[PDB]
Amino acid sequence: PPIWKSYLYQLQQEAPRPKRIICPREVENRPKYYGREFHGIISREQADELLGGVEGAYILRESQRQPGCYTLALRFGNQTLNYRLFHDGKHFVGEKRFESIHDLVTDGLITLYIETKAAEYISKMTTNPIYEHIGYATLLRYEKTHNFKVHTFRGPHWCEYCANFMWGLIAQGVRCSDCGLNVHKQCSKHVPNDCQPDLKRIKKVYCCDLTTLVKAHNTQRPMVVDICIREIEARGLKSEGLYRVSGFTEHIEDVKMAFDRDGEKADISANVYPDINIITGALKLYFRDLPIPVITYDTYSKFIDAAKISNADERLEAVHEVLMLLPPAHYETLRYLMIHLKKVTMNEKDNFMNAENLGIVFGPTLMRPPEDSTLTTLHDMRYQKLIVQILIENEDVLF
Ligand SMILES: [Zn+2]
Ligand SMILES: [Zn+2]
């Protein structure tokens with residue numbers, strides 16, 4: 001399993017979206033400022049009709065009794081929910097939310113779908129934590145309080161504590177202002193003081209969503225994946241057992257830790273780290289540390305239902321089909337690491353590594369099962385290695 005659990009993330013994607021601004025016959029009712037989703041004053045019995053079934057549809061209304069009292073009513077399958085609705089210079093239901101409508105319903109619905117399914121899980125996140133050994137709070141080189149602050153993450157982010165997904169559209173969790181940490185609102189309570197405010201000058205590259213890293217650094221492909229390969233190709237392209245042999249684990253850590261600031265885009269060479277299996281390791285590491293797999297989860301399933309054709313003519317075309325359903329960042333990263341990788345195949349006369357060969361060492365890391373249905377999951381691990389091998393083989397045909 002990966003340090004970064006995917007249950008929540010997995011959920012949010014399943015979560016229902018504001019299935020209806022469900023506007024009125026343009027009645028333009030007078031008492032009302034912001035909205036066209038406002039059906040003025042009406043009865044619960046009449047409102048419900050407007051929504052009806054459509055889990056996710058929402059509407060706004062005023063109290064037939066007490067004036068100036070508006071309330072939001074969105075459907076959540078099981079039934080219909082009325083929430084109230086204020087405006088502190090910006091729309092907002094309960095929670096110290098404060099948004100800009102829809103964002104509300106959206107996030108609200110998310111908070112609903114998740115909390116409903118496995119709220120128990122969301123509670124035990126505190127138990128058996130993981131913050132202890134995650135990074136730089138273990139490596140790198142007394143008491144102090146955390147000046148935590150609510151923060152809206154732009155890009156999937158995970159709690160450096162319960163190492164779980166921070167769901168929500170803008171809710172998110174908190175990011176200490178001094179040490180740069182980022183965790184769940186709750187978890188903030190359970191996270192020990194410690195904190196090293198100069199450990200913020202870091203800016204981790206290893207471990208944040210692929211697409212996000214790329215977009216933020218302006219580069220299509222993770223600058224690590226780039227540099228790494230550069231070297232591996234410069235040096236040991238003909239070293240034996242490339243990517244199969246492991247390097248000093250504790251030396252790979254040193255590399256990663258190097259990409260994370262300390263050099264970031266300006267890391268390091270051939271000497272300093274002579275056993276290239278380190279680098280080959282670090283690179284493997286990088287793919288291992290992604291919160292979302294290069295092959296994604298939403299694709300994992302479909303990528304398997306391809307390595308099952310047996311008729312190599314359709315396999316390839318199948319693979320391509322789904323290879324296309326991949327998010328830009330992922331795709332591009334895969335593409336690249338399926339050359340300055342598959343060029344390794346053009347060398348098994350010196351490194352003993354080939355498609356089928358590498359397809360092993362990578363399958364397991366460039367792919368991951370959604371989980372929570374573990375049974376045939378083991379009867380699939382095979383195909384993973386296949387897929388990879390296949391991609392390395394027919395490299396210049398797919399991209
Ligand atoms: Zn957490
Ligand atoms: Zn701090």
# chains A, B, ... in the order shown; residues from 1 in each chain; ligands from 1
call {"tool": "closest_atom_pairs", "arguments": {"of": "chain A", "to": "ligand 1", "cutoff": "12 Å", "atoms": "only C-alpha atoms and all ligand atoms", "output": "tab-separated table"}}
result
residue	atom	partner	partner_atom_place_in_ligand_line	distance
A:4	CA	ligand 1	1 (Zn)	10.5
A:5	CA	ligand 1	1 (Zn)	10.5
A:8	CA	ligand 1	1 (Zn)	10.9
A:121	CA	ligand 1	1 (Zn)	11.4
A:122	CA	ligand 1	1 (Zn)	8.8
A:123	CA	ligand 1	1 (Zn)	9.9
A:124	CA	ligand 1	1 (Zn)	10.0
A:125	CA	ligand 1	1 (Zn)	6.4
A:126	CA	ligand 1	1 (Zn)	7.1
A:127	CA	ligand 1	1 (Zn)	10.3
A:128	CA	ligand 1	1 (Zn)	11.2
A:129	CA	ligand 1	1 (Zn)	8.4
A:130	CA	ligand 1	1 (Zn)	9.3
A:131	CA	ligand 1	1 (Zn)	9.1
A:157	CA	ligand 1	1 (Zn)	10.4
A:158	CA	ligand 1	1 (Zn)	7.2
A:159	CA	ligand 1	1 (Zn)	4.2
A:160	CA	ligand 1	1 (Zn)	6.7
A:161	CA	ligand 1	1 (Zn)	5.0
A:162	CA	ligand 1	1 (Zn)	3.7
A:163	CA	ligand 1	1 (Zn)	5.6
A:164	CA	ligand 1	1 (Zn)	5.3
A:165	CA	ligand 1	1 (Zn)	7.2
A:166	CA	ligand 1	1 (Zn)	7.2
A:167	CA	ligand 1	1 (Zn)	10.3
A:172	CA	ligand 1	1 (Zn)	10.5
A:173	CA	ligand 1	1 (Zn)	8.5
A:174	CA	ligand 1	1 (Zn)	10.1
A:175	CA	ligand 1	1 (Zn)	11.9
A:181	CA	ligand 1	1 (Zn)	11.7
A:182	CA	ligand 1	1 (Zn)	9.0
A:183	CA	ligand 1	1 (Zn)	5.5
A:184	CA	ligand 1	1 (Zn)	4.5
A:185	CA	ligand 1	1 (Zn)	7.7
A:186	CA	ligand 1	1 (Zn)	7.3
A:187	CA	ligand 1	1 (Zn)	5.3
A:188	CA	ligand 1	1 (Zn)	8.2
A:189	CA	ligand 1	1 (Zn)	10.4
A:190	CA	ligand 1	1 (Zn)	9.5
A:191	CA	ligand 1	1 (Zn)	9.5
call {"tool": "residues_around", "arguments": {"residues": "residue A:27", "least_positions_apart": "2", "cutoff": "12 Å", "atoms": "only C-alpha atoms", "output": "number ranges by chain"}}
result
A: 23-25, 29-32, 35-41
call {"tool": "residues_near_ligand", "arguments": {"ligand": "ligand 2", "cutoff": "6 Å", "atoms": "only C-alpha atoms and all ligand atoms", "output": "PyMOL selection string"}}
result
chain A and resi 146+176+178-179+181+195+197
call {"tool": "write_last_selection", "arguments": {"atoms": "N, CA, C and O atoms", "output": "PDB file, in the first residue's frame"}}
result
ATOM      1  N   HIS A 146       2.376  25.501  16.735  1.00  0.00           N
ATOM      2  CA  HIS A 146       1.998  25.669  15.340  1.00  0.00           C
ATOM      3  C   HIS A 146       0.966  26.774  15.140  1.00  0.00           C
ATOM      4  O   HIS A 146      -0.125  26.736  15.716  1.00  0.00           O
ATOM      5  N   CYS A 176      -0.109  25.375   8.526  1.00  0.00           N
ATOM      6  CA  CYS A 176       0.651  26.206   9.452  1.00  0.00           C
ATOM      7  C   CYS A 176       1.320  27.322   8.657  1.00  0.00           C
ATOM      8  O   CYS A 176       1.761  27.114   7.530  1.00  0.00           O
ATOM      9  N   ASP A 178       3.958  29.172   9.847  1.00  0.00           N
ATOM     10  CA  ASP A 178       5.384  29.192  10.121  1.00  0.00           C
ATOM     11  C   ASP A 178       6.148  28.011   9.532  1.00  0.00           C
ATOM     12  O   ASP A 178       7.046  28.215   8.714  1.00  0.00           O
ATOM     13  N   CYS A 179       5.791  26.786   9.917  1.00  0.00           N
ATOM     14  CA  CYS A 179       6.493  25.608   9.399  1.00  0.00           C
ATOM     15  C   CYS A 179       6.029  25.079   8.030  1.00  0.00           C
ATOM     16  O   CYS A 179       6.599  24.125   7.503  1.00  0.00           O
ATOM     17  N   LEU A 181       3.578  23.263   7.249  1.00  0.00           N
ATOM     18  CA  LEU A 181       2.818  22.009   7.295  1.00  0.00           C
ATOM     19  C   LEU A 181       1.420  22.117   6.673  1.00  0.00           C
ATOM     20  O   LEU A 181       0.918  23.214   6.460  1.00  0.00           O
ATOM     21  N   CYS A 195       7.515  21.196  15.180  1.00  0.00           N
ATOM     22  CA  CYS A 195       7.517  22.258  14.175  1.00  0.00           C
ATOM     23  C   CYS A 195       8.841  22.988  14.051  1.00  0.00           C
ATOM     24  O   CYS A 195       9.403  23.441  15.043  1.00  0.00           O
ATOM     25  N   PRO A 197       9.917  26.023  11.767  1.00  0.00           N
ATOM     26  CA  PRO A 197       9.644  27.139  10.853  1.00  0.00           C
ATOM     27  C   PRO A 197      10.653  27.471   9.754  1.00  0.00           C
ATOM     28  O   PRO A 197      10.364  28.288   8.877  1.00  0.00           O
TER      29      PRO A 197
END
call {"tool": "closest_residue", "arguments": {"among": "A:395, A:99, A:120, A:107", "to": "residue A:15", "atoms": "only C-alpha atoms"}}
result
A:107
call {"tool": "closest_residue", "arguments": {"among": "A:73, A:112, A:3, A:216", "to": "residue A:133", "atoms": "only C-alpha atoms"}}
result
A:3
call {"tool": "residues_around", "arguments": {"residues": "stretch 279-290 of chain A", "least_positions_apart": "4", "cutoff": "8 Å", "atoms": "only C-alpha atoms", "output": "ChimeraX atom specification"}}
result
/A:2-4,206-210,224-225,228-229,232,242-243,246-247,249,252-253,255-256,273,275,294,362,365-366
call {"tool": "write_last_selection", "arguments": {"atoms": "N, CA, C and O atoms", "output": "compact mmCIF listing (two decimals), in the first residue's frame"}}
result
# COMPACT_ATOMS: atom_id res chain seq x y z
N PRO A 2 0.31 2.38 -0.53
CA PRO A 2 1.00 3.67 -0.60
C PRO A 2 0.74 4.53 0.64
O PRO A 2 -0.37 4.54 1.18
N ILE A 3 1.76 5.24 1.09
CA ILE A 3 1.62 6.10 2.26
C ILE A 3 0.37 6.94 2.13
O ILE A 3 -0.36 7.14 3.10
N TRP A 4 0.11 7.43 0.93
CA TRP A 4 -1.05 8.27 0.67
C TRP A 4 -2.27 7.44 0.31
O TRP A 4 -2.40 6.97 -0.82
N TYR A 206 8.80 15.81 -4.13
CA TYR A 206 8.50 14.39 -4.01
C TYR A 206 7.26 14.32 -3.15
O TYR A 206 7.26 14.83 -2.02
N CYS A 207 6.22 13.71 -3.69
CA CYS A 207 4.96 13.49 -2.99
C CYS A 207 3.70 14.29 -3.30
O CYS A 207 2.62 13.95 -2.78
N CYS A 208 3.78 15.34 -4.12
CA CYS A 208 2.54 16.04 -4.44
C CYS A 208 2.00 15.62 -5.80
O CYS A 208 2.76 15.30 -6.70
N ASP A 209 0.68 15.61 -5.93
CA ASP A 209 0.01 15.23 -7.18
C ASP A 209 0.82 15.60 -8.41
O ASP A 209 1.43 16.67 -8.48
N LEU A 210 0.81 14.71 -9.39
CA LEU A 210 1.57 14.92 -10.61
C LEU A 210 1.17 16.18 -11.32
O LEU A 210 2.00 17.08 -11.47
N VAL A 224 11.87 16.07 -11.81
CA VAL A 224 12.70 15.02 -11.26
C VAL A 224 12.83 14.01 -12.40
O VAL A 224 13.90 13.86 -12.99
N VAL A 225 11.72 13.34 -12.72
CA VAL A 225 11.67 12.36 -13.80
C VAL A 225 12.56 12.75 -14.97
O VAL A 225 13.09 11.90 -15.66
N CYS A 228 16.59 12.90 -13.51
CA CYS A 228 16.94 11.51 -13.24
C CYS A 228 17.36 10.82 -14.51
O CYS A 228 18.53 10.48 -14.71
N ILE A 229 16.39 10.59 -15.38
CA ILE A 229 16.69 9.97 -16.65
C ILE A 229 17.95 10.57 -17.30
O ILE A 229 18.87 9.86 -17.67
N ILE A 232 20.82 8.83 -15.67
CA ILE A 232 20.81 7.41 -15.97
C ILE A 232 21.26 7.14 -17.41
O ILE A 232 21.97 6.18 -17.67
N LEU A 242 19.62 -2.77 -14.74
CA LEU A 242 19.02 -1.45 -14.54
C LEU A 242 17.59 -1.51 -14.06
O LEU A 242 16.76 -2.18 -14.67
N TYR A 243 17.29 -0.78 -12.98
CA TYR A 243 15.94 -0.73 -12.42
C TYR A 243 15.50 -2.03 -11.74
O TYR A 243 14.40 -2.11 -11.21
N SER A 246 18.69 -2.85 -6.66
CA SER A 246 18.38 -1.74 -5.76
C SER A 246 19.65 -1.08 -5.26
O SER A 246 20.70 -1.72 -5.17
N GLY A 247 19.56 0.21 -4.96
CA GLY A 247 20.72 0.92 -4.45
C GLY A 247 20.56 1.09 -2.96
O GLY A 247 19.57 0.61 -2.38
N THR A 249 19.16 2.03 -0.03
CA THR A 249 17.90 2.68 0.30
C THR A 249 18.19 4.04 0.96
O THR A 249 17.80 5.08 0.45
N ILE A 252 19.11 6.64 -1.41
CA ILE A 252 18.09 7.08 -2.32
C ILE A 252 17.41 8.24 -1.59
O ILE A 252 17.21 9.31 -2.16
N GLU A 253 17.09 8.02 -0.32
CA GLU A 253 16.44 9.05 0.50
C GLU A 253 17.22 10.35 0.34
O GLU A 253 16.63 11.42 0.19
N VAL A 255 18.88 11.42 -2.13
CA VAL A 255 18.62 12.02 -3.44
C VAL A 255 17.31 12.76 -3.39
O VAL A 255 17.26 13.96 -3.62
N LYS A 256 16.24 12.02 -3.11
CA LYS A 256 14.90 12.60 -2.99
C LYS A 256 15.02 13.90 -2.21
O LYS A 256 14.71 14.99 -2.70
N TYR A 273 26.85 10.53 -5.99
CA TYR A 273 26.00 9.33 -5.97
C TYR A 273 26.46 8.43 -7.12
O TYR A 273 25.79 8.33 -8.15
N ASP A 275 26.81 4.92 -7.39
CA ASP A 275 26.01 3.75 -7.77
C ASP A 275 24.73 4.25 -8.43
O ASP A 275 23.78 4.64 -7.75
N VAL A 294 0.88 7.06 -11.72
CA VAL A 294 1.06 7.54 -13.07
C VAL A 294 -0.11 7.02 -13.89
O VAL A 294 -0.67 7.74 -14.69
N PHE A 362 8.30 -2.25 -12.89
CA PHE A 362 7.46 -1.05 -12.93
C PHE A 362 5.98 -1.28 -12.71
O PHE A 362 5.35 -0.54 -11.96
N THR A 365 4.51 -0.29 -9.44
CA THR A 365 4.60 1.10 -9.01
C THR A 365 3.87 2.08 -9.96
O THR A 365 3.23 3.03 -9.50
N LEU A 366 3.94 1.85 -11.26
CA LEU A 366 3.26 2.75 -12.18
C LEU A 366 1.77 2.48 -12.16
O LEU A 366 1.01 3.07 -12.93
call {"tool": "decode", "arguments": {"residues": "stretch 190-227 of chain A", "atoms": "N, CA, C and O atoms", "output": "PDB file, in the first residue's frame"}}
result
ATOM      1  N   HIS A 190      -4.488  16.895  17.180  1.00  0.00           N
ATOM      2  CA  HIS A 190      -3.648  15.763  17.554  1.00  0.00           C
ATOM      3  C   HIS A 190      -2.165  15.866  17.195  1.00  0.00           C
ATOM      4  O   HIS A 190      -1.346  15.113  17.728  1.00  0.00           O
ATOM      5  N   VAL A 191      -1.811  16.781  16.298  1.00  0.00           N
ATOM      6  CA  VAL A 191      -0.414  16.926  15.896  1.00  0.00           C
ATOM      7  C   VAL A 191       0.441  17.606  16.962  1.00  0.00           C
ATOM      8  O   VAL A 191       0.184  18.746  17.345  1.00  0.00           O
ATOM      9  N   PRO A 192       1.476  16.904  17.453  1.00  0.00           N
ATOM     10  CA  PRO A 192       2.397  17.410  18.478  1.00  0.00           C
ATOM     11  C   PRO A 192       2.965  18.769  18.100  1.00  0.00           C
ATOM     12  O   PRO A 192       2.897  19.168  16.938  1.00  0.00           O
ATOM     13  N   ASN A 193       3.528  19.476  19.076  1.00  0.00           N
ATOM     14  CA  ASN A 193       4.081  20.795  18.808  1.00  0.00           C
ATOM     15  C   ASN A 193       5.260  20.770  17.849  1.00  0.00           C
ATOM     16  O   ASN A 193       5.108  21.129  16.683  1.00  0.00           O
ATOM     17  N   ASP A 194       6.423  20.335  18.317  1.00  0.00           N
ATOM     18  CA  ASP A 194       7.612  20.295  17.462  1.00  0.00           C
ATOM     19  C   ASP A 194       7.640  21.473  16.474  1.00  0.00           C
ATOM     20  O   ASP A 194       7.774  22.623  16.890  1.00  0.00           O
ATOM     21  N   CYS A 195       7.515  21.196  15.180  1.00  0.00           N
ATOM     22  CA  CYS A 195       7.517  22.258  14.175  1.00  0.00           C
ATOM     23  C   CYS A 195       8.841  22.988  14.051  1.00  0.00           C
ATOM     24  O   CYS A 195       9.403  23.441  15.043  1.00  0.00           O
ATOM     25  N   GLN A 196       9.320  23.129  12.820  1.00  0.00           N
ATOM     26  CA  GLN A 196      10.578  23.819  12.570  1.00  0.00           C
ATOM     27  C   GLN A 196      10.384  24.817  11.434  1.00  0.00           C
ATOM     28  O   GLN A 196      10.649  24.522  10.277  1.00  0.00           O
ATOM     29  N   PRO A 197       9.917  26.023  11.767  1.00  0.00           N
ATOM     30  CA  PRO A 197       9.644  27.139  10.853  1.00  0.00           C
ATOM     31  C   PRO A 197      10.653  27.471   9.754  1.00  0.00           C
ATOM     32  O   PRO A 197      10.364  28.288   8.877  1.00  0.00           O
ATOM     33  N   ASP A 198      11.833  26.863   9.788  1.00  0.00           N
ATOM     34  CA  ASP A 198      12.817  27.131   8.743  1.00  0.00           C
ATOM     35  C   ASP A 198      12.771  25.964   7.763  1.00  0.00           C
ATOM     36  O   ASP A 198      13.347  26.016   6.676  1.00  0.00           O
ATOM     37  N   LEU A 199      12.052  24.920   8.172  1.00  0.00           N
ATOM     38  CA  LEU A 199      11.862  23.704   7.386  1.00  0.00           C
ATOM     39  C   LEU A 199      10.767  23.970   6.358  1.00  0.00           C
ATOM     40  O   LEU A 199      10.218  23.048   5.753  1.00  0.00           O
ATOM     41  N   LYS A 200      10.442  25.245   6.182  1.00  0.00           N
ATOM     42  CA  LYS A 200       9.418  25.660   5.238  1.00  0.00           C
ATOM     43  C   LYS A 200      10.095  26.080   3.943  1.00  0.00           C
ATOM     44  O   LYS A 200       9.525  25.933   2.866  1.00  0.00           O
ATOM     45  N   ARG A 201      11.316  26.600   4.056  1.00  0.00           N
ATOM     46  CA  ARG A 201      12.081  27.042   2.890  1.00  0.00           C
ATOM     47  C   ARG A 201      12.258  25.894   1.906  1.00  0.00           C
ATOM     48  O   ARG A 201      12.837  26.067   0.829  1.00  0.00           O
ATOM     49  N   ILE A 202      11.750  24.726   2.281  1.00  0.00           N
ATOM     50  CA  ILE A 202      11.884  23.538   1.460  1.00  0.00           C
ATOM     51  C   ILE A 202      11.098  23.455   0.150  1.00  0.00           C
ATOM     52  O   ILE A 202      11.689  23.568  -0.924  1.00  0.00           O
ATOM     53  N   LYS A 203       9.786  23.271   0.208  1.00  0.00           N
ATOM     54  CA  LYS A 203       9.008  23.154  -1.026  1.00  0.00           C
ATOM     55  C   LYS A 203       9.273  21.778  -1.617  1.00  0.00           C
ATOM     56  O   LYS A 203      10.104  21.595  -2.509  1.00  0.00           O
ATOM     57  N   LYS A 204       8.539  20.814  -1.090  1.00  0.00           N
ATOM     58  CA  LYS A 204       8.644  19.433  -1.497  1.00  0.00           C
ATOM     59  C   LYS A 204       8.136  19.189  -2.922  1.00  0.00           C
ATOM     60  O   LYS A 204       7.100  19.720  -3.332  1.00  0.00           O
ATOM     61  N   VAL A 205       8.885  18.381  -3.669  1.00  0.00           N
ATOM     62  CA  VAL A 205       8.533  18.027  -5.037  1.00  0.00           C
ATOM     63  C   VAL A 205       8.143  16.558  -5.011  1.00  0.00           C
ATOM     64  O   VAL A 205       7.257  16.104  -5.750  1.00  0.00           O
ATOM     65  N   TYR A 206       8.804  15.811  -4.135  1.00  0.00           N
ATOM     66  CA  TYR A 206       8.505  14.394  -4.006  1.00  0.00           C
ATOM     67  C   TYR A 206       7.265  14.317  -3.148  1.00  0.00           C
ATOM     68  O   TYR A 206       7.261  14.826  -2.024  1.00  0.00           O
ATOM     69  N   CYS A 207       6.220  13.706  -3.695  1.00  0.00           N
ATOM     70  CA  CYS A 207       4.959  13.494  -2.986  1.00  0.00           C
ATOM     71  C   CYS A 207       3.695  14.294  -3.299  1.00  0.00           C
ATOM     72  O   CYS A 207       2.624  13.953  -2.782  1.00  0.00           O
ATOM     73  N   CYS A 208       3.775  15.342  -4.115  1.00  0.00           N
ATOM     74  CA  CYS A 208       2.538  16.038  -4.438  1.00  0.00           C
ATOM     75  C   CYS A 208       1.999  15.616  -5.801  1.00  0.00           C
ATOM     76  O   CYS A 208       2.759  15.299  -6.698  1.00  0.00           O
ATOM     77  N   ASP A 209       0.677  15.607  -5.935  1.00  0.00           N
ATOM     78  CA  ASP A 209       0.011  15.230  -7.176  1.00  0.00           C
ATOM     79  C   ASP A 209       0.824  15.602  -8.406  1.00  0.00           C
ATOM     80  O   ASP A 209       1.429  16.674  -8.477  1.00  0.00           O
ATOM     81  N   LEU A 210       0.812  14.711  -9.388  1.00  0.00           N
ATOM     82  CA  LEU A 210       1.567  14.919 -10.609  1.00  0.00           C
ATOM     83  C   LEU A 210       1.175  16.184 -11.318  1.00  0.00           C
ATOM     84  O   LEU A 210       1.998  17.082 -11.470  1.00  0.00           O
ATOM     85  N   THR A 211      -0.089  16.247 -11.741  1.00  0.00           N
ATOM     86  CA  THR A 211      -0.627  17.389 -12.491  1.00  0.00           C
ATOM     87  C   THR A 211      -0.369  18.713 -11.823  1.00  0.00           C
ATOM     88  O   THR A 211       0.010  19.683 -12.468  1.00  0.00           O
ATOM     89  N   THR A 212      -0.563  18.740 -10.516  1.00  0.00           N
ATOM     90  CA  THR A 212      -0.330  19.939  -9.735  1.00  0.00           C
ATOM     91  C   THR A 212       1.134  20.387  -9.810  1.00  0.00           C
ATOM     92  O   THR A 212       1.410  21.549 -10.102  1.00  0.00           O
ATOM     93  N   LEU A 213       2.061  19.464  -9.547  1.00  0.00           N
ATOM     94  CA  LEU A 213       3.494  19.762  -9.575  1.00  0.00           C
ATOM     95  C   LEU A 213       3.862  20.332 -10.919  1.00  0.00           C
ATOM     96  O   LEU A 213       4.521  21.363 -11.020  1.00  0.00           O
ATOM     97  N   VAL A 214       3.443  19.634 -11.961  1.00  0.00           N
ATOM     98  CA  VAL A 214       3.740  20.072 -13.300  1.00  0.00           C
ATOM     99  C   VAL A 214       3.224  21.470 -13.537  1.00  0.00           C
ATOM    100  O   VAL A 214       3.994  22.365 -13.861  1.00  0.00           O
ATOM    101  N   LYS A 215       1.920  21.658 -13.367  1.00  0.00           N
ATOM    102  CA  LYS A 215       1.309  22.966 -13.599  1.00  0.00           C
ATOM    103  C   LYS A 215       2.005  24.093 -12.848  1.00  0.00           C
ATOM    104  O   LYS A 215       2.265  25.158 -13.399  1.00  0.00           O
ATOM    105  N   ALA A 216       2.326  23.840 -11.593  1.00  0.00           N
ATOM    106  CA  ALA A 216       2.967  24.836 -10.762  1.00  0.00           C
ATOM    107  C   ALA A 216       4.384  25.175 -11.192  1.00  0.00           C
ATOM    108  O   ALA A 216       4.818  26.319 -11.076  1.00  0.00           O
ATOM    109  N   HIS A 217       5.112  24.176 -11.677  1.00  0.00           N
ATOM    110  CA  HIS A 217       6.493  24.380 -12.093  1.00  0.00           C
ATOM    111  C   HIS A 217       6.591  24.745 -13.558  1.00  0.00           C
ATOM    112  O   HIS A 217       7.677  25.020 -14.074  1.00  0.00           O
ATOM    113  N   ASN A 218       5.448  24.755 -14.229  1.00  0.00           N
ATOM    114  CA  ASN A 218       5.424  25.096 -15.639  1.00  0.00           C
ATOM    115  C   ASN A 218       6.239  24.105 -16.466  1.00  0.00           C
ATOM    116  O   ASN A 218       7.274  24.506 -17.028  1.00  0.00           O
ATOM    117  N   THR A 219       5.802  22.842 -16.572  1.00  0.00           N
ATOM    118  CA  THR A 219       6.613  21.909 -17.338  1.00  0.00           C
ATOM    119  C   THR A 219       6.126  20.586 -17.919  1.00  0.00           C
ATOM    120  O   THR A 219       6.953  19.741 -18.208  1.00  0.00           O
ATOM    121  N   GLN A 220       4.835  20.349 -18.079  1.00  0.00           N
ATOM    122  CA  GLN A 220       4.432  19.081 -18.714  1.00  0.00           C
ATOM    123  C   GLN A 220       4.863  17.772 -18.021  1.00  0.00           C
ATOM    124  O   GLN A 220       4.034  16.879 -17.828  1.00  0.00           O
ATOM    125  N   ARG A 221       6.157  17.657 -17.688  1.00  0.00           N
ATOM    126  CA  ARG A 221       6.744  16.471 -17.034  1.00  0.00           C
ATOM    127  C   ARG A 221       7.535  16.842 -15.774  1.00  0.00           C
ATOM    128  O   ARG A 221       8.363  17.752 -15.798  1.00  0.00           O
ATOM    129  N   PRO A 222       7.333  16.096 -14.676  1.00  0.00           N
ATOM    130  CA  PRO A 222       8.020  16.342 -13.400  1.00  0.00           C
ATOM    131  C   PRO A 222       9.514  16.499 -13.573  1.00  0.00           C
ATOM    132  O   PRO A 222      10.192  15.587 -14.028  1.00  0.00           O
ATOM    133  N   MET A 223      10.025  17.655 -13.186  1.00  0.00           N
ATOM    134  CA  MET A 223      11.443  17.949 -13.307  1.00  0.00           C
ATOM    135  C   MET A 223      12.368  16.898 -12.715  1.00  0.00           C
ATOM    136  O   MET A 223      13.534  16.836 -13.066  1.00  0.00           O
ATOM    137  N   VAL A 224      11.867  16.074 -11.808  1.00  0.00           N
ATOM    138  CA  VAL A 224      12.704  15.017 -11.259  1.00  0.00           C
ATOM    139  C   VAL A 224      12.827  14.008 -12.400  1.00  0.00           C
ATOM    140  O   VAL A 224      13.896  13.862 -12.990  1.00  0.00           O
ATOM    141  N   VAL A 225      11.718  13.341 -12.720  1.00  0.00           N
ATOM    142  CA  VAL A 225      11.666  12.360 -13.800  1.00  0.00           C
ATOM    143  C   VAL A 225      12.557  12.751 -14.967  1.00  0.00           C
ATOM    144  O   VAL A 225      13.089  11.895 -15.664  1.00  0.00           O
ATOM    145  N   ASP A 226      12.717  14.049 -15.183  1.00  0.00           N
ATOM    146  CA  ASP A 226      13.544  14.534 -16.277  1.00  0.00           C
ATOM    147  C   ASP A 226      15.012  14.378 -15.932  1.00  0.00           C
ATOM    148  O   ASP A 226      15.713  13.602 -16.557  1.00  0.00           O
ATOM    149  N   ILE A 227      15.462  15.121 -14.926  1.00  0.00           N
ATOM    150  CA  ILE A 227      16.854  15.092 -14.491  1.00  0.00           C
ATOM    151  C   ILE A 227      17.333  13.663 -14.307  1.00  0.00           C
ATOM    152  O   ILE A 227      18.355  13.272 -14.860  1.00  0.00           O
TER     153      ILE A 227
END
